[PDB]
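In: As they sit in the full assembly, here are the leading chains:
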Amino acid sequence: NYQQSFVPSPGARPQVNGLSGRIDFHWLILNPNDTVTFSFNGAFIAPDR
Amino acid sequence: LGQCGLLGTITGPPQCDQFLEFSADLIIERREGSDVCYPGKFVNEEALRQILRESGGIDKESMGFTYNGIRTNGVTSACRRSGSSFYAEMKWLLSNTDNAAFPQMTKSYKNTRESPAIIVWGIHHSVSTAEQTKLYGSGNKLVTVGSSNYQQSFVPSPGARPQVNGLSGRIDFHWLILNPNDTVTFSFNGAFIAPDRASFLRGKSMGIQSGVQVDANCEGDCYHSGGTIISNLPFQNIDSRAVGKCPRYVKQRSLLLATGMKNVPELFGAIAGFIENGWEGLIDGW
């Protein structure tokens, strides 16, 4: 039920307590037997559980 | 506002130069209020119209940008005051040598007050790639707009559209909010319509919409589009989008409430009881 193809935003930001670059986390839901596929050539922060 | 469309005060079109910094306790929008002069539109724009129906006014302050290698006064032929102007509040970051290049920019602004701003920038959708070289240069275009709670990196759409009153290309304006001490950064290599003044608020008002005249001698508080309701009665069959402090809309139109006994001309069984008729020759007592 889902297809996004997200893309980074290399830009300068203000600093929150030392760091400028952000990291955004999005979230989906699976149903039983259903399958997700992640593909990437950079800048991805995978889950593990 | 009259011929001023309420979301134009933040942008300054020719129909709203007399309202750029107003102050109100009762704003009124008219049927003929237009928000733009170039063809374009806002985003989330019913919400922004609901910040301002109670804001009691606006108070701009400058932001202080400075450009070089780059012109700032490209002009359009529809935002006309005597001639080719643009908006009052925004500018037009355009290329200097008309097809040679465009340098990449980066600018910023830190809110410094006790109040949140309302800051609005602009992205310019060229009509082609033939008139995105003439206006700006070469390469891809991206406008990166980031703060604490915000990161977008918008991009133009060079395409042909129908003409609204002479022009095909649109211009879209998006808007964010800053908090105190917070900072926005705009960066771009083309097709950006920068702000020049941010915008602050005043207070507490209410908004209505109507089509009848502004009056000043009359005392009342329940304001809908066909006038003003004034009554000591708890119920009204007049309108049901009536704002203010109204009575409440019922569907009945008459509901009579007694204030005398049972009328008997000529639970306890004396009125219409074992005393048969009333008196009409009795005029002082009951």
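Out: Happy to help now that I have it. Residues are numbered from 1 along each chain as shown, chains lettered A, B, ... in the order given.

In: so how far is stretch A:34-44 from its chain's centroid?
Out: If you compare the mean C-alpha spot of stretch A:34-44 with that of the full chain, they lie 9 Å apart, counting by CA atoms, centre = their mean, to the nearest Å.

In: which residues are in contact with it?
Out: Taking CB atoms under 8 Å, 6 or more residues apart in numbering or on different chains as the criterion, the residues outside stretch A:34-44 that touch it are A:2, A:8, A:28, A:30, A:46. (C-beta placed from N, C-alpha, C; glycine too.)

In: Is it correct that the third one is in contact with residue A:3?
Out: No - contact criterion CB atoms under 8 Å: residue A:28 and residue A:3 do not qualify, at 10.5 Å.

In: So these two - more neighbours on which side?
Out: The residue with the greater number of neighbours, taking residue A:28 and residue A:3 and applying other CB atoms under 10 Å in any protein chain shown, is residue A:28; the counts read 9 against 4.

In: helix, strand or coil for the more buried one?
Out: Reduced to three states with DSSP: H, G, I helix; E, B strand; the rest coil, the structure at residue A:28 is coil.

In: quick one: contacts for it?
Out: The neighbours of residue A:28, taking CB under 8 Å, 6+ apart as the test, are A:2, A:36.

In: Centre-most residue in chain A?
Out: What sits nearest the mean C-alpha location of chain A, by CA atoms, centre = their mean, is residue A:25, with 4.9 Å.

In: tell me which parts of chain A are close to chain B?
Out: For chain A, the residues in contact with chain B under the definition CB under 8 Å from any CB of the partner chain are A:9, A:11-14, A:16, A:22, A:24.

In: repeat that for 6 Å
Out: Contact residues of chain A with respect to chain B, defined by CB under 6 Å from any CB of the partner chain, are listed as A:9, A:11, A:13-14.

In: how about CSV for the residues you listed, with secondary structure and neighbour count added?
Out: Formatted as CSV, the residues of chain A next to chain B follow (DSSP: H, G, I helix; E, B strand; the rest coil; neighbours: other CB atoms under 10 Å in any protein chain shown):
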residue, secondary structure, neighbour count
A:9, coil, 16
A:11, coil, 18
A:13, coil, 19
A:14, coil, 15
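
In: which of the residues you listed sit farthest apart?
Out: By the measure CB to CB, the residues of chain A next to chain B have their two most distant members at A:9 and A:14, which lie 14.4 Å apart.

In: Extend the structure above with chain C:
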Amino acid sequence: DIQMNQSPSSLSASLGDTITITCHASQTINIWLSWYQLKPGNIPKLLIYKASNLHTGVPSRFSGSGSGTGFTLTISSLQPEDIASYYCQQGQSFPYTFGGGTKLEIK
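Out: Now chain C, sitting on the chains shown earlier:
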């Protein structure tokens, strides 16, 4: 109509001093001013429009800002070519009115 009371009528300044001139629109015009120098002996010049943005070609030494019913420029580090008279114009409501005019003086 609208009255534009540019005050004071004259004041005296030496070389290198920061001075202000202050127009006073008698009714809310809220952003609309521009500052003109026209001295007796030359053509006039443009300095500032929108009450904040300086004209293209002006030396960046000169500035001004303001809104509401009070507007003010800023001139410091004067020159021999700085001595003139200075007028302000309200562009809100027709007819156009200008101000009284200040005369720049050496103390």
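
In: The contacts of stretch A:34-44 again, this time with chain C added?
Out: Contacting residues not belonging to stretch A:34-44 are listed as residue A:8 [CB atoms under 6 Å, 6 or more residues apart in numbering or on different chains].

In: Pull the CA coordinates from that stretch and hand them back as CSV.
Out: These are the backbone C-alpha positions of stretch A:34-44, laid out as CSV (Å, rounded to 0.1, in the frame of the first residue of the first chain):
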residue,chain,number,x,y,z
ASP,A,34,3.3,-8.6,3.4
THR,A,35,6.8,-7.4,2.4
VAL,A,36,8.8,-4.2,2.4
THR,A,37,11.8,-3.5,0.3
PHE,A,38,14.4,-0.8,0.9
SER,A,39,16.9,0.1,-1.8
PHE,A,40,19.5,2.9,-1.7
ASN,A,41,22.8,4.2,-2.8
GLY,A,42,23.4,6.4,0.2
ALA,A,43,22.2,8.3,3.3
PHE,A,44,19.9,5.7,4.7
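
In: Could you tell me which residues make contact with residue C:91?
Out: With contacts taken as CB under 6 Å, 6+ apart, residue C:91 has the following neighbours: residue C:32.

In: Tell me the spacing between the most centrally placed residue in chain C and residue C:46.
Out: Closest to where the C-alpha atoms of chain C average out (CA atoms, centre = their mean) is residue C:35, at 4.1 Å. Taking CB to CB, to the nearest Å as the criterion, residue C:35 is separated from residue C:46 by 8 Å.

In: One more: residue C:96?
Out: For residue C:96, the distance to residue C:46 equals 15 Å [CB to CB].

In: before we move on, what about residue C:54?
Out: When CB to CB is applied, the distance between residue C:54 and residue C:46 equals 9 Å.

In: between those two, who's got more neighbours?
Out: Neighbours of residue C:54 and residue C:46, each counted by other CB under 10 Å, are more numerous for residue C:54; the result is 19 against 14.

In: Closest residue of chain C to chain B?
Out: Scanning chain C for the residue nearest chain B gives residue C:30, at 4.7 Å (criterion: CB to the nearest CB).

In: who are the neighbours in contact with residue C:23?
Out: C:4, C:6, C:71, C:88, C:99.

In: Try it again at 7 Å.
Out: Contacts of residue C:23 were listed using CB atoms under 7 Å, 6 or more residues apart in numbering or on different chains, and they are C:4, C:6, C:33, C:71, C:88, C:99.

In: out of these, who's nearest chain A?
Out: Once CB to the nearest CB is applied, the member of the contacts of residue C:23 that ends up nearest chain A is residue C:71, at 33.7 Å.

In: Let's add chain D too:
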Amino acid sequence: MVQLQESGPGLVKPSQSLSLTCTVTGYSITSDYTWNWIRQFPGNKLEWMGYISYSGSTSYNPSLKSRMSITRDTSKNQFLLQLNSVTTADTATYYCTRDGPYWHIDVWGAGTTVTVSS
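Out: Time to bring in chain D:
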């Protein structure tokens, strides 16, 4: 380079008319901006007369309502000021200016001095 230059006579007799013009080079007077005239009272005090648009509409100063006209000439790039029923007060310096937007006024002409006495 938009340059504006006034011209006209030296001495004007009272209760007569006055015809001045302004020549404009570098910019067509039909390209979209208006075109003003501005006097100069003795005592260094400025005042507004009226404009003619690039199409040819005019507005006037509402205390010069019935005694003033301004027209133009598209051929030799000029516009012509006309004022009548004059008194002693009208000895001034007249400045043909190119207006800008409602923002401001841009381009000023050098001016010329008129004299109205018999």
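
In: ok chain D is in now, so what about the contacts of stretch A:34-44?
Out: A:8, A:28, A:30, A:46.

In: neighbours of the third one, just the number please.
Out: In other words, residue A:30. With other CB under 10 Å as criterion, residue A:30 counts 10.

In: what's the distance between it and chain B?
Out: Applying CB to the nearest CB, to the nearest Å, the value for residue A:30 to chain B is 27 Å.

In: Just read off the phi/psi values of that residue.
Out: For residue A:30, the backbone dihedrals (degrees, to the nearest 10) come out as phi -100, psi 160.

In: Can you pull the residues of chain D lying near chain B?
Out: In this structure, chain D approaches chain B at residues D:32-34, D:99-102, judged by CB under 7 Å from any CB of the partner chain.

In: same thing with chain C?
Out: Remark: the part of chain C in contact with chain B comprises C:30-31, C:52, C:65, C:67, C:92, using CB under 7 Å from any CB.

In: Could you find which two of those residues are furthest from each other?
Out: Taking CB to CB, the two most distant members of these are C:65 and C:92; they sit 17.7 Å apart.

In: quick one, which of the two is more surrounded?
Out: Neighbour comparison, residue C:65 and residue C:92: the larger count goes to residue C:92, with 18 against 14 (by other CB under 10 Å).

In: correct me, but that one touches residue C:32?
Out: Yes - in terms of CB atoms under 7 Å, residue C:92 counts as a neighbour of residue C:32; the distance is 4.7 Å.

In: Counting only strands, which of the residues of chain C next to chain B make the cut?
Out: With DSSP state E as the criterion, strands contain residue C:65 from among the residues of chain C next to chain B.

In: if we can go back for a sec, could you single out the nearest of the contacts of stretch A:34-44 to residue D:56?
Out: Compare each of the contacts of stretch A:34-44 with residue D:56 using CB to CB and the shortest gap goes to residue A:8, at 57.5 Å.

In: which residues touch that closest one?
Out: residue A:43.

In: closest point of chain D to chain A, which residue?
Out: Nearest residue of chain D to chain A, counting by CB to the nearest CB: residue D:103, 33.9 Å away.

In: tally of neighbours for the nearest residue to that residue once chain neighbours are set aside?
Out: Spatial nearest neighbour of residue D:103, chain neighbours left out: residue C:49 (4.9 Å); criterion: CB to CB, 6 or more residues apart in numbering or on different chains. Look at residue C:49: counted by other CB under 10 Å, it has 21 neighbours.

In: No further queries at this time; thank you.
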